[PDB]
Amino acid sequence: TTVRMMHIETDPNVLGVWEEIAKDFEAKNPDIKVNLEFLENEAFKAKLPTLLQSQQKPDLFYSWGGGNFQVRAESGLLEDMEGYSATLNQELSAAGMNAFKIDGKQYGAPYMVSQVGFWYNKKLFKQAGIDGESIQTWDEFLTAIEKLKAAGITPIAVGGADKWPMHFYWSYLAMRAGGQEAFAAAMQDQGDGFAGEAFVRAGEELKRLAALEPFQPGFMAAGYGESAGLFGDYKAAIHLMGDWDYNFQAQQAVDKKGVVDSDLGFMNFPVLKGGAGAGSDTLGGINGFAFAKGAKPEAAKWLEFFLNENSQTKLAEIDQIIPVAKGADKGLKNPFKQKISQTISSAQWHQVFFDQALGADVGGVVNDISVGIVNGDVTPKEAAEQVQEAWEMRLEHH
């Protein structure tokens, strides 16, 4: 039998490890072949809707959980693999398995957890006269931005063309302004919801950052790959990105090394004055693979092995993922990844990426108003009302 797994992975080292695991699995299981199918992130997300309606579908596809996963599970687009999940449940974290379980039905399995934060270049910070470790508040972050501006260094790389990198700013600002309580009320559409003060404040503070002109020339035409390459090429000082950026900025750098460890820093998103959120709250998520309707049981056998402790330990040791398999945290030797993994574990609020939490429609609105605020197209108040209004209609029509 042949199992097909659709993914968005571009890293050659990661893919080599995945192929090694596949080869090992195939030796232990001669009856089963594993075929990996790549689709680039933006194209993948765009095509999945029609793919899930087709008659030829992969067994497994990359998933962020969140809003689209829920709708797909309830709408009959995924396959319940609860009867083939005993070993997955033994090997993987229960919180990770629960993220892909709806109504007692197991529709996927976790692969990794992540944190979004500020990767930064200590060599460029020294040139501008900034101590990165002293940045604890948003006002201190803006002061650092102005010092980079005055030094003639591009402060921030962002892939504005893809929009979601910019949304990380609006999202974190809303988390810091309103805390978990505000987001929970907004999801329930209680009170003013997403049009509430926390979300307007997020827009106001994003507008304040944008007025400093901190992004690279042409950031609205730049995708994630170009933006990470600018960081890796020492041409931008700061990159707000998930922890997967550690290997990506190196792969996208001309020299294939990027910002080396002695020049590299990572810092949490700062706190906001007059904000209800805690500095230890993380934006990130639990990514995994979902089972499309019609998936064969052999796909669960593959996933059992692909996500086991040895496989996940390898992927942590090449500094790619923060693992979900029990015991694979032994592979978090790299100091950047070890510290990030501890932040994720200690977080009282760990929030899934807003665009994935809210689904393709409302999440697309959040992505649009993030770049819209920065470009002056929409005010912070108008942008928050757009999110609330789209969310209210999603609630009504489901």
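The first residue of the sequence shown is number 1, and the count goes up from there.
Colleague: Would you mind comparing 29-37 and 61-69 for me and telling me which has the higher average C-alpha temperature factor in the entry?
Modeller: Between 29-37 and 61-69, it is 29-37.
Colleague: Do the CA atoms of 167-175 or those of 90-98 have the higher mean B-factor in the entry?
Modeller: If you average the C-alpha B-factors of 167-175 and of 90-98, the larger mean comes out for 90-98.
Colleague: Of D131, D245, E205, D233, which one's C-alpha B factor is largest in the deposited record?
Modeller: Highest C-alpha B-factor among the listed options: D131.
Colleague: Using only the C-alpha B-factors in the record, can you name which of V362, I373, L51, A357 has the highest?
Modeller: Comparing C-alpha B-factors across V362, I373, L51, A357, the maximum falls on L51.
Colleague: Could you place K257 in the lowest, middle or highest third of its chain by Cα temperature factor, using the values in the record?
Modeller: According to the entry, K257 has a C-alpha B-factor in the chain's highest third.
Colleague: Using only modelled residues of the chain, where does the Cα B factor of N287 rank: lowest third, middle third or highest third?
Modeller: Lowest third of the chain for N287's C-alpha B-factor.
Colleague: Lowest, middle or highest third of the chain for the C-alpha temperature factor of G108?
Modeller: Tercile = lowest for this residue's CA B-factor.
Colleague: Ordered by C-alpha B-factor within the chain, which third holds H239? Give me lowest, middle or highest, please.
Modeller: Bottom third by C-alpha B-factor.
Colleague: Looking at the C-alpha B-factor of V352, is it in the lowest, middle or highest third of its chain?
Modeller: Its C-alpha B-factor, which the entry lists for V352, ranks in the middle third among residues of this chain.
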